[PDB]
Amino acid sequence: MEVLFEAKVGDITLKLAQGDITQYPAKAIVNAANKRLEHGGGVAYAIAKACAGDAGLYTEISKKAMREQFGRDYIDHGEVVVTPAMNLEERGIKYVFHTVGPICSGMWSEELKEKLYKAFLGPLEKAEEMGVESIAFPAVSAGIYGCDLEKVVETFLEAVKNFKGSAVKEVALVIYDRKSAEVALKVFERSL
């Protein structure tokens, strides 16, 4: 895990790091899920495998959690399903907060931005509600959902800036590949 940037946004310490989110030292990590919480690939698969030892098992656990937390088999942008991090608890990660970003498919609009904005703010508000002090996020929608990485990072930063809370003290954005981390770093530098 390599930290590439650190700054304060109010009382929150914000970090950009390059690495695997399942190894980040945060109490909650966020999953870039689909609305059905079927963890087929990308960071959802990585998280599901790291937590349960089998992604399929974590998918079932997630669906059960969603059914009881929401009373249905899908979530809307901004809604957050919470599941225990299981095997990751030994490294201090207690929860996975599943969020669902929009499917951009190479496009960008205010409607897509608003959906992604909700997908980033929702987990921050859930952390606040639960009294969770540290949370880490992946670049929601920047993978197979095809949202431009720069736009994803700018949207994440807007959510962190607008968030109001007292319990959340540390937020991190964890980027996986080297090329992408460089793009994110430039966004952090020009935004702050």
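One-based numbering along the sequence shown.
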Exercise for the section: Going by the average Cα B-factor in the PDB entry, point out whether 97-105 or 70-78 comes out higher. Expected result: 70-78
Practice task
Determine, for stretches 170-178 and 7-15, which one has the higher mean CA B-factor as deposited.
Solution key: 7-15
Practice task
Specify which of 64, 27, 126, 151 carries the largest Cα B factor in the deposited PDB entry.
Solution key: 64
Fill in the blank from the handout: Entry record, C-alpha B-factors for 163, 137, 145, 156; the maximum is at 163
Practice task
Could you say whether, by C-alpha temperature factor, residue 132 belongs to the lowest, middle or highest third of its chain?
Solution key: middle
Completion exercise
On the chain's distribution of Cα B-factors, residue 33 falls within the third called lowest
Fill in the blank from the handout: Assert third(CA B-factor, residue 118) within chain per record equals lowest
Exercise for the section: Compare the C-alpha B factor of residue 48 with those of the other modelled residues in its chain, then answer lowest, middle or highest third. Expected result: lowest
